[PDB]
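Okay, so here's the structure we're looking at.
Each chain gets a letter, A, B, C, D, E and F, in the order it is written, and its residues are counted from 1.
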Amino acid sequence: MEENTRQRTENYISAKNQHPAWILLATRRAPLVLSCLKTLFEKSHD
Amino acid sequence: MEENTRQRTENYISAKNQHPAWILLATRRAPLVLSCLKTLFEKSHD
Amino acid sequence: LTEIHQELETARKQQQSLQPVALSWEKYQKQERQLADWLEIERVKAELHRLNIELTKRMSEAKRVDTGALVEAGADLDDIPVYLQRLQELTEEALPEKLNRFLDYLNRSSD
Amino acid sequence: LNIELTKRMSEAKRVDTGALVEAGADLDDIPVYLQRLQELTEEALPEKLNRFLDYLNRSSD
Amino acid sequence: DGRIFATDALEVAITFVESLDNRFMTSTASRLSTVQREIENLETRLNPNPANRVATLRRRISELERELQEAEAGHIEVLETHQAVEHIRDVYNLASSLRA
Amino acid sequence: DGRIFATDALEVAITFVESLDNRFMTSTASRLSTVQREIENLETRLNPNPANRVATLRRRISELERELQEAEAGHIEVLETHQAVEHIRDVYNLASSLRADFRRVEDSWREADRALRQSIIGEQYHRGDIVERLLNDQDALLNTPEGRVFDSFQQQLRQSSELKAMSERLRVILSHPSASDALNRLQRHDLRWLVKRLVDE
């Protein structure tokens, strides 16, 4: 059954186009934003 | 000390431009390759 | 990047120097075990003399290019273990890490 | 003592620029080094220091 | 409130980036003993039979008493340098997982 | 060989995508007891004092003894419908991590082969650092970082009794009615044959 291999590709594409994490990673400015956010949230969580 | 905040941004950029994992994710055809590779290696590991 | 490359080059030179010491130490161990099993002898003692001469020359060469860790030890047979350890500690972790670091920064300044 | 000698011999080869490059580091090589030392203590050092002082006086003055 | 709060997506991305570089191993000698013991206790505390639990705790007491009998004679086994390092790393990973 | 093999980089990427969708719990009541329990033995197995291993050990029997006396009276505590589900999920997550770094070990040996050849090629007295490694019959690829952790992992895995111990307990756990509620067919099947695949891997 190839449904698990076609539906799964569909889910991967949907996640890539929709999930904030994958979108942020694929963006060409990802390292800067990620570093800034990580530094900001390392110290405070309120 | 900002070195941990200036050096770290360097590591992320280097990771983004060098690590195969991040490179593959950022590529605009990531879902297709990952889906095929995941399906291929799901069944056999030899 | 040049600083990192100098670090890697020094590590490579240190490992290259160390390896002959390990080889000569293994040969010395073989000869010493042969002599101990024997216990004619004068030839074995002369072979041990030559092997110790080579050992100490290699030790001096290794101390030559060293920039630290081997500074505590000396160019004597009783200091063989520490040198050996260093070799392992290089082939494991100093050389690879350094190398990786270099191959990273090289691509940081160029691409 | 033999070990000691060889080690010092190595140290010599550390600093020589070709004075005894061809020679080895074995006791058979002891005379060679010795000769060099005497030369360094007979003509090399004196005449070369004299040249240095002559240059430092003709120049810089 | 004029303040930015992280979401689970940001935490996932940060986790991926952090695991990008050198990360602690989970396919280790430790975390295998850990899974052994966790499955052990789950099996003991999931059974509805009283008698099976009786047997399980009695066996555990027997082994524990044997171990202490061994200990009294001075038979205490330090794990190792490398083994201790691996156990510390595994414990650190397991604990750090708690705030995910 | 004409075949493509996965690397840790691919495995890392696949892990991120799989965790992208709904992923199992880790900040749970379970896995908090587990960290409680993991810290327990570590200090008991880390203290160099003989007496402390005597002291900390006896009490466990005392606590262990008391519970059974309760058990004999019929005081057996079923966990819950929901609590069992969480424990099953936590157990699945912990076990699944056992195969996480199998790929990483292979990468190290590949690199060690890379570095070893470079030293042989890049060293000007090849005769020396060739015989010293050829006459020997040791590993010659002793990557003591991940690669010796694998050696330790192999020793524990090869031990009999315990491995068959899990396999029976797993199927017992997968047989529980709440297990189907916790996991799904894929996850249940993967967990059931877990020990088999670990040996194959």
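As a working rule, a contact is a pair of C-beta atoms (placed from the backbone, for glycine too) under 8 Å apart; a residue touches a chain by one contact, two chains touch by 3 or more.
Superposition of subunit A on subunit B using C-alpha atoms only gives a rotation of 180 degrees, nearest 5.
Centrality by Cα centroid goes to chain F.
Each chain gets one centre point, the mean of its Cα atoms, and the points for subunit B and subunit D are 59 Å apart. If each chain is reduced to the centroid of its CA atoms, subunit C and subunit F end up 36 Å from each other.
Centre-to-centre separation of subunit A and subunit D, using mean CA positions: 69 Å.
In whole angstrom, the spacing between the mean C-alpha positions of subunit A and subunit C is 47.
The set of subunit F residues that touch two or more partner chains comprises 12, 16-17, 20. Applying the touch definition to all chain combinations yields A-B, A-E, A-F, B-C, B-E, B-F, C-D, C-F, E-F.
Residue ranges on subunit E touching subunit F, taken from their complex, read 12, 16, 19-20, 25-29, 31-43, 45-50, 53-54, 57-58, 60-61, 64-65, 67-68, 71-72, 74-79, 82-84, 86-88, 90-91, 94-95, 97-100. On the subunit A side of its complex with subunit F, the touching residues are 11-12, 15, 19, 21-22.
Subunit C meets subunit B in the complex at residues 104, 107-108, 111.
Within the complex formed with subunit E, the residues of subunit A that make contact are 19-21, 24-25, 34, 37-38, 40-41, 46.
On subunit F, the positions that touch subunit B within their shared complex are 3-4, 6-7, 9-10, 12-14, 16-17, 200-201.
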